[PDB]
Amino acid sequence: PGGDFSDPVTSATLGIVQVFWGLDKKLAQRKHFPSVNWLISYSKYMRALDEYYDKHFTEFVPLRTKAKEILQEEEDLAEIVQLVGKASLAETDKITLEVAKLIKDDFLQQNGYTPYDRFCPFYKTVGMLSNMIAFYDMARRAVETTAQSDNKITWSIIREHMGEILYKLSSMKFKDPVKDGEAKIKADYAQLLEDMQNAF
Amino acid sequence: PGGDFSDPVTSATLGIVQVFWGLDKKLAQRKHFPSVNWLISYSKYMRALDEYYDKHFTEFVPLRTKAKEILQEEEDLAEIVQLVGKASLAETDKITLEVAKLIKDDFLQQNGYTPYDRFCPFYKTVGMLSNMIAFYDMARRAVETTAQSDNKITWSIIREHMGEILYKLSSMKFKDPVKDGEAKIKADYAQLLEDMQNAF
Amino acid sequence: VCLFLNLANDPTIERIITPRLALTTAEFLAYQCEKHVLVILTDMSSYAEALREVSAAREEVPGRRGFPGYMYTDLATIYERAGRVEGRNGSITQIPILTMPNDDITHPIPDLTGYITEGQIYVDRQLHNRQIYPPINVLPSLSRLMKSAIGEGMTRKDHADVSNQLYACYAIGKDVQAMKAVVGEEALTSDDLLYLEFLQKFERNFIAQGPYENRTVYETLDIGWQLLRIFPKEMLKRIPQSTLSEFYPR
Amino acid sequence: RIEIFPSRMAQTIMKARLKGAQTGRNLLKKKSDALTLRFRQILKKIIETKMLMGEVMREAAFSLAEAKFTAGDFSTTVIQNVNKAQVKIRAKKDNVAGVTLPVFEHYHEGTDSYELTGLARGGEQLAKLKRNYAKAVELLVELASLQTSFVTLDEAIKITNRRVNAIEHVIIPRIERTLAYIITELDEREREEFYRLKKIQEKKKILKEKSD
Amino acid sequence: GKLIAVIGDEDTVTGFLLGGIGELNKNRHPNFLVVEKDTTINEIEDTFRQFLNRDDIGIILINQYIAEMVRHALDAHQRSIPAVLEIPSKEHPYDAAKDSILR
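Structure (structure tokens):
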């Protein structure tokens, strides 16, 4: 009642269940569906599933571990933005606040009534995740290696150079897997992995 | 740990008892022993003790009157430093923040597992307070009379000068009264009051 | 003085009949023997802890915050035995002293008292740790019928203006004392340096009294002018010039 | 947006955290007003000394016109013979409300590189051209002492007027609707205790109706 | 900083070098630049970068007639030091500075 998770039905349920997909109301005041709040939700089936993951999709376990650090450190710094301001951010933090906006709009958002997002198979889930994490890793390599010495990359030219690559990354939710082959789609991703390596 | 004055055991006790030695949690987490805070504690036995204090230690009642103002004018200025800082603080305001720092560190702090501060007799209590308020009385006089006199002491003159005296005031709690005579301790504290009047 | 003790080791039913005994005799001295009576009911928070005790002896369900539901009627049956009557020269005024727990005004003991009584007087911990006796801060304190009590035929005709001017100069002198720490003692003007010298003399000569100094209502106002004389006039804007000319020059 | 659990001691903790932020505005409203008061009188000292240098530089440029009338053209001897400076500046610090302002104070380490310039033609129109431009440098450094404190003041006003509006709009409206949640949740713990005690007093009455 | 720099004019800088503000250390640069009628705007922009990024340049004087040519350049400078002052010249006194726009 009232969206209060300190409820004797909810608090008695969370002492029993192992997974908890806590939906949020403010993620429905903007049309963000599915509205699972990624900060309070958890799943205790991680030690049981890594043996399955190290047998089928071996790259996935550090992918979701790095994606859980980007989504959490955005919340630590969006509290600074609403109080201090965007102008006092470092270059390792402005890259985090915009790859997370790429995560919440491309990866996490999924419109179930569209034919491309009514069902997302798990090769497409890891496929568009191994691209957006490595792009965050590559844009971190354009900051820490070029730390202070030369005229360095201050992230404003990554937006300008990769203006179609940022459209190549934000439109992978469109790569329809019903009528698009798995091998087709998989190839379409690794090609976008090749375009970022050439552009960086 | 909780229910400070809204607790039916504590809200019923304080209508009956005369002395309340409130142990604070912020002092106990920073390892200030004993953890009695001086703002919510009280004692209603001071009017009954003033006939005792006017026969045995007749100098004490003007001392603990002033010693509670210094501990209270510090907490008035404590919320100023936490907001704007120590930048534009006056010379009369900065002169309490070392004496009130000296009271909480040397007078109030006491280690009972130590062979000299397991019991402090009351001449040692009056003796080290009659010097730490006298240093406050001399230095306050040494500021307001030299004010508008073209060589106003900005109190950093005092801090480097009285470095031995501030070491003598900090080392008052060490004057072991088990193995140190009472009359020696009364002689050691009397020399600081003459060393203070000499160096001032 | 008619003194009624009731100790804490006395029966808790006798705490209920203690303000009923004290106000029965104060209705015999006032408007039956025609003398002006002051009733001082100290610890009115220990009365309603005895009212809560006998309310659980009669097997009643405790109301808001444990106190019974009829506590507004029960408190007002011992407050409203006050005031003057038409045909008799007696009068009876009450000062019911109570201790609000945790410095809370939303507690039912000082909230159901402020609904029926006519203005409050705060003893506060801020001035008490500062060693000021009595520690009565006059900024949240108020007497709702002080405009009737003072006057020309009652005390003297400058009481209405020296009370408004001492209160207005106290709010400014407390406001500029917050400017002394974040701006500096130098950068404040010559006006704000006069309010700070008023503040150290108001809380030491006017409020700070000592427990055996019996000041009359005339000795109070004469101290009230010695603290207003350190300002020049035309800063004393709440006092009219019809009363500023008689009492300022001395 | 609420923070913690209603427990009747969280109500007096959050009333103190509200008390810290209620006096955090009124302590920082006047700090942003003391900075604004100096900002509005430095700007008066700027514009008054932009019309004061409008006539000092008129006299000094006319004194150069008097010196070229007497002593030829010295606009190639003066420009070439620069080796060391005579009028330098040192940066002093001054503060209003705890915010330091960089200000400039000039000084003369005097050895004249143009001690002999002219000396057979001119020399009296010079060294009164030198006075009319050293007087302009003494003025223009006092104008530059008001330029470097001006632009560093509204840099420290925007970081204060944002911190005031971060308290009045984000921190205090989060506490005053946290405290509104403690009172509505502590009223429901009283009715649940009211329903459990009235349930027992209805059961104790029935057992006392059997034993009659 | 510790120096005063002037861009000025041909008649403006020779009045201020007589004031005693010019210093010549040929290792780095001279602290002034006489602008004639045949200097491009690209030369004024280069020496303006030299006076901003130097350590001892504390005050920069420039004529307002010259400052409109590099008006896009000094608005990018929004720091506290060095102070860019706009001074009058022959038949070009004063209209509006960048500092009074900041209001």
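Protein chains in written order, with PDB author numbering: chain C, 413 to 612; chain B, 413 to 612; chain D, 257 to 506; chain H, 6 to 217; chain L, 5 to 107.
Just so it is clear, CB atoms sit at the ideal spot from N, CA and C, and this is done for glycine as well.
query: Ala72 (chain H) beta carbon less than 9 angstroms from that of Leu134 (chain H); result: yes
query: Close Cβ partners of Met540 (chain C) (< 6 angstroms) along its chain, the five nearest in sequence each way excluded; result: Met584
query: Status (buried if at least 16 other CB within 10 Å, exposed otherwise) for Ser118 (chain H); result: buried
query: Against chain H: residues of the segment 481 to 504 of chain B by CB proximity under 8 angstroms; result: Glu491, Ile492, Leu495, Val496, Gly497, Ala499, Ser500
query: Span of the beta strand (DSSP E) around residue 221 (chain H); result: With chain H covering 6 to 217 only, the question about residue 221 (chain H) has no answer from this structure.
query: Below-9 angstroms beta-carbon distance, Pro318 (chain D) vs any chain H residue; result: yes
query: DSSP-derived helix/strand/coil call for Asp416 (chain C); result: coil
query: Rounded Cβ spacing between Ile597 (chain C) and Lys536 (chain C) (contact assumed at less than 8 angstroms); result: 6 angstroms
query: Contact check, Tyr548 (chain C) vs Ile492 (chain C), beta carbons under 9 angstroms; result: no
query: Residues of the segment 10 to 27 of chain H with Cβ closer than 9 angstroms to any Cβ of chain B, in chain order; result: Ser12, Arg13, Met14, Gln16, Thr17, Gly25
query: Buried versus exposed call for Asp462 (chain C) [16 or more other C-beta atoms within 10 Å across all chains shown]; result: exposed
query: Whether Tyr287 (chain D) touches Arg320 (chain D) by CB criterion (9 angstroms); result: no
query: Spatially closest choice to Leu483 (chain D) from D:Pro467, D:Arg460, D:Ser301, by CA coordinates; result: D:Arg460
query: Own chain partners of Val146 (chain H) with C-beta closer than 7 angstroms, once the 5 adjacent residues on each side are dropped; result: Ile94, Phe109, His111
query: Chain-ordered neighbours of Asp416 (chain B) on chain D, where CB pairs are closer than 8 angstroms; result: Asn358
query: Three CB pairs or more closer than 8 angstroms across the segment 125 to 133 of chain H and the segment 479 to 494 of chain D; result: no
query: Proximal residues of chain D, C-beta to C-beta of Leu451 (chain B) below 8 angstroms; result: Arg381, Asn385
query: Residue(s) in a DSSP beta bridge with residue 109 (chain L); result: For residue 109 (chain L) there is no data in the structure shown, the boundaries of chain L being 5 and 107.
query: Below-9 angstroms beta-carbon distance, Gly115 (chain H) vs any chain B residue; result: no
query: C-beta neighbour in chain L for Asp192 (chain H), strict 9 angstroms; result: no
query: Rounded straight-line distance, which links the Cα of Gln421 (chain D) to that of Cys532 (chain B); result: 50 angstroms
query: Residues, ordered as in the chain, of the segment 26 to 42 of chain H that lie near chain B by beta-carbon distance below 9 angstroms; result: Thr28, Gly29, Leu32, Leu33, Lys36
query: Contacts of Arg167 (chain H) in chain C (Cβ-Cβ under 9 angstroms); result: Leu495, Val496, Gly497
query: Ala479 (chain C) classed as buried or exposed, judged by whether at least 16 other C-beta atoms fall within 10 angstroms; result: buried
query: Cβ distance (whole Å) where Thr165 (chain H) is taken to contact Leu42 (chain H) below 8 angstroms; result: Between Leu42 (chain H) and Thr165 (chain H) the Cβ distance is about 13 angstroms, and since that is not below 8 angstroms, they are no contact.
query: Neighbour flag for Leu28 (chain L) against chain H, beta carbons, 9 angstroms; result: yes
query: CB contact check: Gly128 (chain H) to chain B, cutoff 9 angstroms; result: no
query: Residue 208 (chain D) - partner residues in DSSP beta bridges; result: The displayed coordinates of chain D run from 257 to 506. Any statement about residue 208 (chain D) would go beyond what the structure contains.
query: Sequence-distant residues of the same chain with beta carbon closer than 6 angstroms to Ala282 (chain D), five excluded per side; result: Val293, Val295, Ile348
query: Closest residue to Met458 (chain C) among C:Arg442, C:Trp450, C:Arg476 (Cα-Cα distance); result: C:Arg476
query: Per-residue burial, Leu121 (chain H) [other beta carbons within 10 Å of its own, 16 or more giving buried]; result: exposed
query: Reduced DSSP secondary structure (H/G/I, E/B, other) of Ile372 (chain D); result: coil
query: Best match in D:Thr298, D:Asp266, D:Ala312 for proximity to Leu259 (chain D) [C-alpha to C-alpha]; result: D:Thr298
query: Proximity to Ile9 (chain H) [Cα-Cα], best of H:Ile188, H:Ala76, H:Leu202, H:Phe199; result: H:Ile188
query: Per-residue contacts from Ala427 (chain D) into chain H (C-beta, under 7 angstroms); result: Neighbours of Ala427 (chain D) on chain H: none; closest Cβ ~13 angstroms, over 7 angstroms.
query: Min CB distance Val156 (chain H) to chain C below 9 angstroms; result: no
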